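Please treat every number below as a calculation from the coordinates, not as lab data. Note that we place each Cβ from the backbone using ideal geometry, even for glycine, and neighbour counts take in every protein chain shown.
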Amino acid sequence: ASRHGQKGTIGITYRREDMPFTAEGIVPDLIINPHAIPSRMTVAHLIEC
Amino acid sequence: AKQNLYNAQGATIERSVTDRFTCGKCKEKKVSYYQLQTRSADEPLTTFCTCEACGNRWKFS
Amino acid sequence: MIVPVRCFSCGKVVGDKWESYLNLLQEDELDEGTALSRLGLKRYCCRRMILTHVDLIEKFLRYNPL
Ligand SMILES: [Zn+2]
Ligand SMILES: [Zn+2]
């Protein structure tokens, strides 16, 4: 969970070579779904990021 | 007598509207709403609906 | 705890750089952002670790076991 009440669990895991990746190669640690944003109305999470 | 007749007839709350949705039965845009949340905290408000072209009620999630 | 070896995101070895990053802030009086830059960590996934790692190991170490 975050510091904003976004509790959740791990669905599955991936290695880097099929994790998505950005131009500098910063491969992310973890990906959460966008739909947890609007209905939870958790703006400060985004601001913190 | 005029003041008494005014004081006889009572509450007339009037249901402020918008024009975005259409009626579930009449299908016209005179729609009025409200907000509050009913169930537990994990979900948002209820988005109550109230038509005024015919008086219909429905709801959106 | 020690610094981690090998940044979780990227994989570059970190841990050689720790005491260096310390003495860049002890006598050289240097600003720390430039300190990491002159330490040579230009991606930021690597950079977060040295910037945020806390060193509890010596606070453990000030006991007297055996
Ligand atoms: Zn209607
Ligand atoms: Zn890294």
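Scan the range C:4-15 and give yes if some residue there is within 14 Å of chain A (Cβ to nearest Cβ), away from ligand 1 (no atom under 16 Å from the Cβ) and touching a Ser or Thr at 6+ places or on another chain (Cβ under 8 Å), otherwise no. Scanning the range C:4-15, I find no residue that is within 14 Å of chain A (Cβ to nearest Cβ), away from ligand 1 (no atom under 16 Å from the Cβ) and touching a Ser or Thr at 6+ places or on another chain (Cβ under 8 Å), so the answer is no. Taken together, the criteria exclude A:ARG40 from residues that are touching a residue at least 24 places away in the same chain (Cβ under 8 Å), away from chain C (no Cβ under 14 Å) and loosely packed, with under 10 Cβ neighbours inside 10 Å. Considered as a group, the residues in the range B:4-61 that are touching a residue at least 12 places away in the same chain (Cβ under 8 Å) and away from ligand 1 (no atom under 16 Å from the Cβ) include one that is farthest from A:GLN6 (Cα to Cα), and that residue is B:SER16.
The residues of the range B:17-42 that are of a type in the set (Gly, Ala, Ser), surrounded by 10 or more Cβ atoms within 10 Å (Cβ to Cβ) and in a loop (DSSP other than H, G, I, E, B) amount to a single one, B:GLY24.
In the range C:7-66, counting only helices (runs of 4 or more DSSP H) that sit wholly within it, the ones holding 1 or more residues that are surrounded by 15 or more Cβ atoms within 10 Å (Cβ to Cβ) span C:18-26, C:32-39, C:47-52. Selection within the range A:9-37: residues that are more than 14 Å from chain C (Cβ to nearest Cβ) and surrounded by 10 or more Cβ atoms within 10 Å (Cβ to Cβ). The member of this set that is farthest from B:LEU36 (Cα to Cα) is A:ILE32.
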